[PDB]
Novice: 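Let me begin by handing over the structure; questions about it come next.
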2 protein chains.
Amino acid sequence: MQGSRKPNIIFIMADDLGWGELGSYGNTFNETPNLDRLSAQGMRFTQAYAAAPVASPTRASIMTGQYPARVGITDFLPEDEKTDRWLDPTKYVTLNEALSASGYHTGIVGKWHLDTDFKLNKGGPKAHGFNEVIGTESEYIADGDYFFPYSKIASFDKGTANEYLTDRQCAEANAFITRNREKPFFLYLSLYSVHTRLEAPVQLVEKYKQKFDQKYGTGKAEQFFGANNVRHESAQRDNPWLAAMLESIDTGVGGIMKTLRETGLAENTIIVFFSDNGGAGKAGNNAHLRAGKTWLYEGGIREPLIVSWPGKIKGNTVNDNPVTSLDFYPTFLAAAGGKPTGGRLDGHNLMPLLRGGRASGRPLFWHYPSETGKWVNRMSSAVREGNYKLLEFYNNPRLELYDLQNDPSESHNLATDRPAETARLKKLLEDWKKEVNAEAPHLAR
Amino acid sequence: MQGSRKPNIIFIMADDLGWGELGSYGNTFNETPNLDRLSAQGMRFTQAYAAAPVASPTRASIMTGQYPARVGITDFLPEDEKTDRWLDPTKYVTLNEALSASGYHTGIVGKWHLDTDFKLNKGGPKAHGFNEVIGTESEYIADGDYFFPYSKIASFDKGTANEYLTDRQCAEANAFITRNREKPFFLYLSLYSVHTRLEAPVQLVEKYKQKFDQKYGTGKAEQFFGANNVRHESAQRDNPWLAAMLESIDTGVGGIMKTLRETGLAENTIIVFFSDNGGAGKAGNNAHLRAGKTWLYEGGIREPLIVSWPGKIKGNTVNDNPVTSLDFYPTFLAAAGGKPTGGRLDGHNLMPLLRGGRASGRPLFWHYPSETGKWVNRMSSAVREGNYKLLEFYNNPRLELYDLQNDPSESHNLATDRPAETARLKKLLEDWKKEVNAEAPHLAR
Ligand SMILES: [Ca+2]
Ligand SMILES: [Ca+2]
Ligand SMILES: [Cl-]
Ligand SMILES: [Cl-]
Ligand code: NA
Ligand code: NA
Ligand code: NA
Ligand code: NA
Ligand code: NA
Ligand code: NA
């Protein structure tokens, strides 16, 4: 039946995918032709942030629209016996429920990581009200399992011989789109890829190993990524396993884009591609950015962000205004014609910015006390306002100030040379840490 | 040269050895004939405690004579990047320095676990003043390496093909005894065994596998401890790998006892055998005691304790008075004719008790906030006074009270039925936690 309907929202999030990985973000080794077509059909953000530098807190920021420091989940949820933390459906109106109240059918395909108690699982996605819960984790994901039968995903009881998980999750996405084509839907495609341990179909791995040898020389893939390298990790850039994993994601994104075109949903569907945190050490490519996952340096929090809404968002646009994972909740509620129902939202609606509007500066905040990883040298808090970023570190206590426009690699600390700017941002950070009751870092006495 | 000399002190400590493992503690599967001879030549303690339920804090209690909660090391030291904690030689007069000031030459053979920074290692045993430092760890021990070349022990640069670590450490003990026979010595024999991952010489493993099949039936060692069981762990009691590991320790203890007899040092040497914490889950045997390593239940803190001093300590005695790892510092200083030099000691000299004296009751305390393991259900504090033990748990907050004489397995909580005793011990525990500035547990908000 033809007639206007609220737009579908498809939120595709990769796990641990670095800012330097996509073709449109400058990578020449990986191949991401479908995501580069999505970029050509939409708006590419160069200064998009996860609200945390590890998995669970960024997922919490997306589902609650609140600072991870305010939620009290600032680090990943470990196995059940190592935490008492979980996201409680009675404490938050989650993004899926806000969209349900605005007329949407909701689904999650994949990773939740907001509850690691599987005995009761009172904070799993079904408990949060998702209408469809497809291949979510049934035990602690840990280093993962990417081939059927999926040891961490009991609910995928059926599958083909040696099926690859990214391919399964993308097929489930297309099927969800087809089953729900007559009504507004929200689909959270929460990929397990590219989380370690790296694993990809053999023929994709051999493709990128041959490409690596063409780039670096004969026998070099075997030299750096042979039998003896069990995790397929190294300090070497261009990771054939990551490239293979990313090709599977990219092909799956192409299948979703094709499904939208075939079902005649492409004109009335918003497609977002994002990542939950920065590239992982020894696996991921954060380009010139400093460090990666576990750090509040730019490499750990800067993420790929493509938003497409054909005919509403100008294609092949590049937006450098800073945005974060907190902004999806209000943006999607605006697209859905909904309004907050008393719940606090810590981000901002980007629909006016996506439509070509102007961006007012606002401060952005992070807090990483590393409650789970215990990474004492990474424990830090940060504020960005305009081009300046201030980090406070707790072990070796000190402030670091970067001008990210002139120093995007955070190689030249300005805190001593710009003491007034340092103090101005320090005051914003101190005030914010009070507002959110920021958890103290786990250090000695 | 003949003439009286202060007694030698040999402190032999197994890693993660359970109360239920030794022959003299009732085990009929393992074979510990040399340690059972040591028991027949000395005093066996049935109610001996580690001051903590994991490695580093108990080692801190021994070297400083202070409560782990007062030191601020109540959980194991993880890898360097996960901690800022270490034992500082400028904060404590350690037991080796107190004995050096009383005329002893000192040595450590083996595990330290009081500093995991190997870049500088300002808290390693050499920095603490040990005269000889033999085969201590040069990197984070983690799941260990028991065959030469020892991946965690660079300083054992020389060794025989496939040498086993327990055999090396016991040979180094005998050689240390022989080299220093003319003067008083303190030897800290800090074994890496029986820490997981379990590993023992093949012919010892096959001996205990055949013994397991005789006990349990044909093919049962292969059934429970075959190729498919990589860590050699199970819920099954009688672990052939643990039995093999313990035979190597026992044979080594016999070699030390023989070396003392041959060098004519046996009459003037105090030999202690102890363990740093309770048996490990799926590996160790804590007999009827509750739980094990990581818990403040009796299985995690009750340890084997044999003390021999021929002609001073009556042989084949059994002492049921409670004693802890805090008591070694004052006991050894009394044996050495030394006196504390301003340093606080939290235990008590047992020399009068070892000589046949009477034991006054005193309260004993534990604090386990699990700063490193993050084991939320194990987080607890405890006080024992007389036969009563009170535990306070922080997750699922509650008090548990046990009468350990009538309920040594801690199977019948009395806290509701004996409210006045519960309150009396609760007050001692609250006062103690204040005295030592007990670290709060790592829980949610
Ligand atoms: Ca992640
Ligand atoms: Ca231990
Ligand atoms: Cl537990
Ligand atoms: Cl680090
Ligand atoms: Na839990
Ligand atoms: Na809710
Ligand atoms: Na599998
Ligand atoms: Na460290
Ligand atoms: Na000292
Ligand atoms: Na080795």
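All values below come from the heavy atoms of this structure, side chains included, with hydrogens, waters and symmetry mates left out. Residue numbers begin at 1 in each chain, while the letters A, B, ... track the order of the sequences.
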Novice: Can you confirm whether A:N162 is buried at CG, in the sense that more than 12 heavy atoms of other residues, nucleotides or ligands lie under 6.0 Å from that atom?
Specialist: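 More than 12 within 6.0 Å, yes.
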
Novice: Under a 4.5 Å cutoff for heavy-atom pairs, which residue among B:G373, B:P78, B:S370 has the most contacts with chain A?
Specialist: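 Option with the top pair count is B:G373.
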
Novice: Counting heavy-atom pairs under 4.5 Å with chain A, which one of B:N437, B:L443, B:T83, B:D84 comes out on top?
Specialist: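 When all of B:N437, B:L443, B:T83, B:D84 are compared, B:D84 has the most.
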
Novice: Is atom NZ of B:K282 surrounded by more than 12 heavy atoms (other residues, nucleotides or ligands) closer than 6.0 Å?
Specialist: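 Open.
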
Novice: Are more than 12 heavy atoms from other residues, nucleotides or ligands located less than 6.0 Å from atom NZ of A:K126?
Specialist: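 Enclosed: over 12 neighbouring heavy atoms sit under 6.0 Å from NZ of A:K126.
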
Novice: Looking at every heavy atom in both A:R445 and B:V436, which two are closest together, and how far apart are they?
Specialist: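 That closest heavy-atom pairing would be NH2-O, 3.4 Å.
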
Novice: Of the non-hydrogen atoms in A:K374 and B:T372, which two are nearest, and what is the gap between them?
Specialist: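 Taking A:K374 first and B:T372 second, the nearest heavy atoms are NZ-O, 2.9 Å.
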
Novice: Please flag which part of B:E79 lies under 4.5 Å from any non-hydrogen atom of chain A: side chain, backbone, both or neither.
Specialist: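 Contact with chain A involves the side chain of B:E79 alone.
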
Novice: With a 4.5 angstrom heavy-atom cut-off, which part of B:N395 approaches chain A: side chain, backbone, both or neither?
Specialist: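 The side chain, not the backbone.
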
Novice: Hey, what do you get for CG (A:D80) to CG (B:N377), rounding to the nearest 0.5 Å?
Specialist: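 Between A:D80 CG and B:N377 CG, I get 7.5 Å after rounding to 0.5 Å.
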
Novice: Between NZ of B:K82 and NE2 of A:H442, what distance do you get to the nearest 0.5 Å?
Specialist: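 Between B:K82 NZ and A:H442 NE2, I get 12.5 Å after rounding to 0.5 Å.
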
Novice: Minimum heavy-atom separation for B:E81 and A:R378, please, with both atom names.
Specialist: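 Here B:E81 and A:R378 meet closest at OE1-NH2, 3.2 Å.
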
